[PDB]
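Structure record follows, encoded as structure tokens.
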Amino acid sequence: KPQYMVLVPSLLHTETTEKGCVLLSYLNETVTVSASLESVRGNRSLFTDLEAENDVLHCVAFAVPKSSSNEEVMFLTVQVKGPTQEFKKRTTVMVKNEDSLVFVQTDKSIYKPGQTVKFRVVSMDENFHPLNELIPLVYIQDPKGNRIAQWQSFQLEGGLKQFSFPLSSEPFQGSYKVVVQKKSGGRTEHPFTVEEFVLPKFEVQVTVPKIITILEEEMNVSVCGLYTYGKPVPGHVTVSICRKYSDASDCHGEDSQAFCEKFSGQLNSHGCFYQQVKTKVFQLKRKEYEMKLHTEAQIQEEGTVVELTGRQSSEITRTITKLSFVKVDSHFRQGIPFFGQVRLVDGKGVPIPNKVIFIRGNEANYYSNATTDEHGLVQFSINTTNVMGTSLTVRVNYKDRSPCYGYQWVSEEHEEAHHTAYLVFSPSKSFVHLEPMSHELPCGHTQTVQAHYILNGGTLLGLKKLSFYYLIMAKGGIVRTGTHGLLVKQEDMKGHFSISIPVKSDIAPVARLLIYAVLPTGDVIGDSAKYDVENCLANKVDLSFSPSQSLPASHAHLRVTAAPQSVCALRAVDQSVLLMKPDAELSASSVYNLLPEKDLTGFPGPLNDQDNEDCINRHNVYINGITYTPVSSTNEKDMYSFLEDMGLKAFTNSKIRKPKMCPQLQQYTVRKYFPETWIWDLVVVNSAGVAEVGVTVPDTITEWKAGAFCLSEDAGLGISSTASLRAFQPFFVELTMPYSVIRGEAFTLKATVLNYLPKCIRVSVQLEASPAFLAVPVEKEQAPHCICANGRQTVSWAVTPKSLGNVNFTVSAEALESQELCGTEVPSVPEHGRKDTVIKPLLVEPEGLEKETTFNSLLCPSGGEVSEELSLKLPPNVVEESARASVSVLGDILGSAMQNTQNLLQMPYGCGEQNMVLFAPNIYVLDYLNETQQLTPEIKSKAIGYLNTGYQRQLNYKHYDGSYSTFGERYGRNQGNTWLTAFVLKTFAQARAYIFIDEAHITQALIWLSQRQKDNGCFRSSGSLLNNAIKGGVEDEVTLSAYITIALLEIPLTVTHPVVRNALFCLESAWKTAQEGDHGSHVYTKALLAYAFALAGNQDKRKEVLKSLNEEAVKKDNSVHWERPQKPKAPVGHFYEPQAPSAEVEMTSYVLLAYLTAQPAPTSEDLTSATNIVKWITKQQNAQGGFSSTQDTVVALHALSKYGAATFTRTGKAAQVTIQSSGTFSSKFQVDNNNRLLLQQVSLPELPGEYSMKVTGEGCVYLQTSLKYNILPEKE
Amino acid sequence: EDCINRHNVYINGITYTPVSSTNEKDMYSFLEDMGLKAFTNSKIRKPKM
Amino acid sequence: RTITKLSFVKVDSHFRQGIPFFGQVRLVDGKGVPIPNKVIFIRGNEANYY
Ligand SMILES: *[C@@H]1O[C@H](CO)[C@@H](O[C@@H]2O[C@H](CO)[C@@H](O[C@@H]3O[C@H](CO)[C@@H](O)[C@H](O)[C@@H]3O)[C@H](O)[C@H]2NC(C)=O)[C@H](O)[C@H]1NC(C)=O
Ligand SMILES: *[C@@H]1O[C@H](CO)[C@@H](O[C@@H]2O[C@H](CO)[C@@H](O)[C@H](O)[C@H]2NC(C)=O)[C@H](O)[C@H]1NC(C)=O
Ligand SMILES: *[C@@H]1O[C@H](CO)[C@@H](O)[C@H](O)[C@H]1NC(C)=O
Ligand SMILES: *[C@@H]1O[C@H](CO)[C@@H](O)[C@H](O)[C@H]1NC(C)=O
Ligand SMILES: *[C@@H]1O[C@H](CO)[C@@H](O)[C@H](O)[C@H]1NC(C)=O
Ligand SMILES: *[C@@H]1O[C@H](CO)[C@@H](O)[C@H](O)[C@H]1NC(C)=O
Ligand SMILES: *[C@@H]1O[C@H](CO)[C@@H](O)[C@H](O)[C@H]1NC(C)=O
Ligand SMILES: *[C@@H]1O[C@H](CO)[C@@H](O)[C@H](O)[C@H]1NC(C)=O
């Protein structure tokens, strides 16, 4: 027959080539294979085309561009235009606008203040020949839901960029994030840190099992670690040993920690420290959980704590005698030998010699026995001619937890070797098996493999011989293309053939091979494979260096060898504090897995398969036998499935799809230089390798690490690894100390000077004290006899600072001559710079207690200019040279309102209550996202869908009269709900306010609440709730009625006629009842009065109540907020204080909400307190979306939205600024729509703040000013 | 806003009975059955809780 | 688990509408002694005579 097979990796990755391979054979070489790649809706077409000869394989390396949308279904139709035969056949395929991988490697582990945060970032297309491409943004978010620095709107030219941002000496601390987004919305992170601490002069490490098991009475554990140049250190050791989850309550004075022993020790002078244990006391049993530990040790004369949390997730297991398979034979067939190596180990992880097994196969009803080789390896073999389902089993003991499994309270198990193999569906009666090398793979190498084939009747007619074809695949692409054959026998089923195929690079970290043959008879077979192609790079690369150096040995170098025209990441670190805490996600494996679509494998979610309409539904099948028998649905292996496993696709009419019938439905010398960076730069490799000239740092002996990454178009990327270069000085003075003291308070410093070489020498350290401190010793009059190797005796001291900032400290040692008293001799001839005088850094504060000193003031030019002056001036009991203050300048809607805003975007299921919770709040965030101006008409239109469906499903649960309950239909006789219906009228208001509604709904519901009116009273809930929290309130008609008046006065573009004023009337009534008293929870009811009177505009009355609230202040240290008693007069419950939603973000919003209201404008005091209480809002939000109810979420989002609707207008993006202080020290600023929110962290030199504001232009701004200044001169 | 709520079923007299769910005619509905509103401090409506 | 182990002693198993019924209600705990004057809560129910 005419035969063609057309192999295509089944996602279409853009901005790089697309190499799908293709075959022809046996008929019509005058043919034009062509993959037409069309988005028929409208009309795209990225035609692919090629011509070739019969019985050869070739590959068209076309490509794809950016697209209509991101990720899209693609019906790629292949066309093969022969001279006498036509053909046409479609499919479905996928294309995603390439969404790259980018990242950051921050400088170091753990940072001090005062430093330039420098970093980089990368991106590549699928062919990792990297890709210079435009960049939307390059910034950092400050921990508090805010930003501190930025780069923006550049593009890579070297495929890279490096940065810098000198941090202050008194900035914030904690966690930090250089966050970055890719233009199509995709954004992600690389967090990091800056804290304060004191440095290490070493690191050490545990010895311990990561795996202790059941049958254990002790634990091989010890303490072995490094030092300066990996040397020996003297000191003292200690473990933190502990089990988890004993019977204590972890509460009420109790701890979840289970057993915990105690083992300290001395530090030996050679090697490492060893302390082992017992493990009976621990009760390694049913419900005493895994072991979690640390171990920490001192270095003498320096007093160090060394915490490390590791070797922690250990396997105190249940299964012992844990064997496994290694060499599976994935499939079983009736005409083949399959026989897989099977090792066996367990537990600790080394095999026994010569331990027995038990062998079993079923239906093949096999039975046998074996024992272990050196590693248990056995290559058992079976004969096959049996029913369609294999199910194997092998043991050395029996099927049960034999001791005591019928007691439920044990700690044990044992394995069961389990493996399933399915069979080819081969009407050909031919197939292939392999002998793969299914274990560790060498690259830059190659290894030969055999495999085992067969031929049903050989060439039935066919022709003489065949070639067998294979694709070496990569990343759901194609790295290579190959084939091989040889002369056959005439009609025979041979099996011998070998293959070795290249392992250089250019391929994914799988060798997901399949080698397949095919015939002229509408027939095809091939055998998939899979391997761990361990890490291999298109350009391997390393760093190195001529051997390491000593303390003043400033001379240094590099040796990196990569692609010959190529740019790179080249770091180098004083790895003291990066051997303290690690880096994270940094290796060639990082470069790999950071790839999205690591193993592009199998059809994803959206697509199922091709559907072929083979329906073999005979009425009776004529399955000829002693009793007839109908059709069925199998479960066996297929070749369709081989390629679906592989991932790629083709377009052919061979024998692949089984005749699986269609469902019937049934039938009827040392100079200290700055550490904190040794390298981070770019030297570029020429055609003989690069050579950076590093330069070593003196006056500190510590550890070193190479941060690395590389790039170029020519050779593909690469990964080097760690240079480490630990310094050393045969005579060094080492000054150690705490880090956290102040000029106010004294402290001490213990400077040791060591010896490690065979001469023992008299030596006395000294200092050259300063005015910045005041240093005089404790035992200098002592005559230090001498120090031998690791000889270190250390006199005491005491000292305080006086100077402020990045001050330094000095000691000095020097070996001494001609005092032969202690040792056998004292020549004392180290190098010409024998004397070590090491100056080391430190950062001090001014004495005592800096405190909180802040204010909220704010203004907004509306067609004009607003300005202010104000005092940051209160020096009572001030001390010299300590105060330091600041404002910071930006707007207040983009700070931390990305996550929640785009998150809470939802779709309907449930009864009227949660039906509304899933419908309504989407409207407030719709407005909130639109008001910010960072929206999209797609979320909009799919939100039209949201709104229609959710609206309609609200009507699923409403009343036949107009009203609304939770249930509605099928419950005819009923009455709706009051607070519910208030919410529904409110949100009907706003939802019409965005899109079309019908007027009758608001009509009939507004008048429902209107008739909810007998003579006088303030009505209550018609209690039919299913949930007391959906209404955050506390059930009093007070705040209910106040909900009515606000929700019925906010009146967007409709009318609110009768119902709402008498709500104001009862509101005044309850106000009389309350304010005539003094307690209504003191925040909640009267704040609702505030916002009720506000959207009413009872100006004196709203003012009185919100002003009482202003007296009843619960404000925040950086903001404002209000709280119900929090120790409530009635007794409270246990879990979240039930029966009481606590309604803070709803009430505090309803506190926030009174101020913004005035139909022209309120005061700017309202805007100040608003951004205060909204700092509190956004801080009171959590990572999911919304807040702890639906009420608080709705009303928060709306408060925020209309705060904006006040402060936001499209063309109003022109807010200009100045300060005006008389000390020639002021500042001009500007704020707009596109420089719309950069924080301007800015400080001031004057003790007082007499800095007169000015603000002109369009749009409002949020500033926040405060001071830190120390106190406490004497306080006798 | 009136309510006859104590924490249990609460009928006195001669029977254990949660507040005996009735369906009959009182005078607030006899204000409804003509068509007018009015205002009244007095006790015209039944004690449903 | 149960601690703060008070006791009814001279309880009444009836109550009526022309009567005081007064539960001389013990309290002890644990080793078998009560605190000197640990304040408590006597809740009425449908009297809310707490
Ligand atoms: C929410 O989305 C709307 C999308 O339309 C944003 O734009 C608003 O659209 C209206 C359309 O009428 C603008 O009205 C304008 O009025 C002027 C003067 O009559 C006229 O010359 C324009 O052609 C236009 O009709 C409106 O100014 C504009 N902004 C609003 C409504 O404030 C809107 O910005 C987004 N914000 C909201 C409403 O949440
Ligand atoms: C202690 O010595 C160190 C190292 O010399 C000082 O650090 C730098 O010193 C140079 C001297 O010109 C200054 O220009 C730099 O600004 C210093 N580093 C910084 C802060 O970037 C350190 O300042 C000295 N401390 C004091 C004040 O005694
Ligand atoms: C291939 O081309 C030849 C010559 O036109 C023709 O005889 C043959 O039938 C073609 N392949 C088909 C139709 O199987
Ligand atoms: C447009 O649509 C037709 C539909 O048959 C398709 O064949 C063609 O490739 C598409 N693109 C072009 C080239 O117009
Ligand atoms: C480890 O523990 C075993 C006992 O299980 C003990 O005999 C041995 O001396 C210890 N040391 C090592 C590393 O074998
Ligand atoms: C294991 O099974 C084999 C049968 O294949 C039997 O000959 C042998 O005796 C059994 N095990 C022993 C006891 O060696
Ligand atoms: C396995 O045993 C079966 C028993 O019928 C036999 O037909 C087949 O040839 C054997 N295969 C071998 C010898 O590997
Ligand atoms: C009951 O009143 C007393 C004072 O008579 C008071 O000490 C106590 O706290 C109140 N309730 C309790 C037991 O908490």
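Identifiers in this document derive from the order of the structure tokens: chains are assigned A, B, ..., residues are numbered from 1 separately in each chain, and ligands are numbered from 1 in order of occurrence.
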
Neighbours of residue 45 in chain B within 7 Å (only C-alpha atoms; same-chain residues fewer than 4 positions away dropped), as a PyMOL selection string? chain B and resi 26-28

Output as CSV one row per residue of chain C within 10 Å of chain B: the closest atom pair and its distance in Å to one decimal place, counting only C-alpha atoms, sorted by chain and residue number ascending.
```
residue,atom,partner,partner_atom,distance
C:45,CA,B:7,CA,7.1
C:46,CA,B:6,CA,5.7
C:47,CA,B:6,CA,8.5
C:48,CA,B:6,CA,8.4
```

Using C-alpha atoms, can you write the selected residues to a file as a compact mmCIF listing (two decimals), in the first residue's frame?
```
# COMPACT_ATOMS: atom_id res chain seq x y z
CA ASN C 45 -33.49 28.41 82.81
CA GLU C 46 -36.95 29.65 81.67
CA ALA C 47 -36.69 31.71 84.83
CA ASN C 48 -33.25 32.89 83.71
```

CA of residue 511 in chain A and CA of residue 330 in chain A are how many Å apart? 16.4 Å

Using Å and a single decimal, report how far CA of residue 374 in chain A sits from CA of residue 343 in chain A. 9.2 Å

Please check the contacts: residues of chain A at most 10 Å away from chain B, using only C-alpha atoms, listed as a list in words. residues 1011, 1013, 1014, 1015, 1016, 1017, 1018, 1019, 1020, 1021, 1022, 1036 and 1037 of chain A

Let me see the file: selected residues, N, CA and C atoms, as a short mmCIF file (atom, residue, chain, number, x, y, z; two decimals), in the first residue's frame.
```
data_model
loop_
_atom_site.label_atom_id
_atom_site.label_comp_id
_atom_site.auth_asym_id
_atom_site.auth_seq_id
_atom_site.Cartn_x
_atom_site.Cartn_y
_atom_site.Cartn_z
N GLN A 1011 -43.13 47.70 52.47
CA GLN A 1011 -44.25 47.21 53.27
C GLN A 1011 -43.76 46.54 54.54
N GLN A 1013 -43.41 46.85 57.36
CA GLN A 1013 -43.78 48.07 58.05
C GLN A 1013 -45.19 47.93 58.57
N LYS A 1014 -45.28 47.72 59.86
CA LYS A 1014 -46.49 47.94 60.63
C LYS A 1014 -46.36 49.36 61.19
N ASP A 1015 -47.14 49.71 62.22
CA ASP A 1015 -47.23 51.08 62.71
C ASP A 1015 -45.90 51.81 62.89
N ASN A 1016 -45.06 51.38 63.84
CA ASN A 1016 -43.86 52.14 64.18
C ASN A 1016 -42.57 51.33 64.09
N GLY A 1017 -42.54 50.13 64.67
CA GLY A 1017 -41.31 49.54 65.13
C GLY A 1017 -40.17 49.37 64.14
N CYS A 1018 -38.95 49.27 64.68
CA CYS A 1018 -37.76 48.90 63.92
C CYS A 1018 -37.71 47.38 63.81
N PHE A 1019 -37.98 46.84 62.63
CA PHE A 1019 -38.13 45.39 62.51
C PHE A 1019 -36.82 44.65 62.73
N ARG A 1020 -36.93 43.33 62.89
CA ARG A 1020 -35.83 42.43 63.22
C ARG A 1020 -35.71 41.41 62.09
N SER A 1021 -34.80 40.46 62.23
CA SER A 1021 -34.68 39.37 61.29
C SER A 1021 -35.86 38.40 61.42
N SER A 1022 -36.49 38.09 60.29
CA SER A 1022 -37.36 36.91 60.19
C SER A 1022 -36.44 35.71 60.11
N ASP A 1036 -28.97 42.45 66.51
CA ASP A 1036 -29.80 43.54 67.01
C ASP A 1036 -30.48 44.26 65.86
N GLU A 1037 -31.76 44.60 66.06
CA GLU A 1037 -32.47 45.42 65.08
C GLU A 1037 -31.82 46.78 64.88
#
```

Within 9 Å of ligand 7 (counting only C-alpha atoms and all ligand atoms), which residues show up? I'd like them as a list in words. residues 335, 336, 337, 381, 382, 383, 384 and 385 of chain A

Expected selection as a VMD selection string for ligand 5 within 12 Å, only C-alpha atoms and all ligand atoms: chain A and resid 207 to 209 212 to 213 215 to 222 274 to 279 348

Residues from last step as file, C-alpha atoms, as a tab-separated table (two decimals), in the first residue's frame:
```tsv
chain	number	residue	atom	x	y	z
A	207	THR	CA	26.11	12.78	61.37
A	208	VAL	CA	22.77	11.02	61.74
A	209	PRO	CA	20.40	8.70	59.89
A	212	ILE	CA	16.06	4.96	61.20
A	213	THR	CA	13.50	2.15	60.90
A	215	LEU	CA	13.89	-2.81	64.16
A	216	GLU	CA	16.26	-0.39	65.83
A	217	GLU	CA	17.63	-0.21	69.37
A	218	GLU	CA	20.26	2.50	68.76
A	219	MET	CA	21.06	5.21	66.20
A	220	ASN	CA	24.39	5.72	64.38
A	221	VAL	CA	24.61	9.47	65.03
A	222	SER	CA	27.60	11.77	65.38
A	274	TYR	CA	30.70	11.13	67.95
A	275	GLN	CA	27.77	10.51	70.30
A	276	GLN	CA	25.44	7.54	69.66
A	277	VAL	CA	22.19	6.53	71.40
A	278	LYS	CA	19.52	4.01	72.34
A	279	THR	CA	16.08	3.85	70.68
A	348	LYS	CA	19.06	0.71	55.69
```
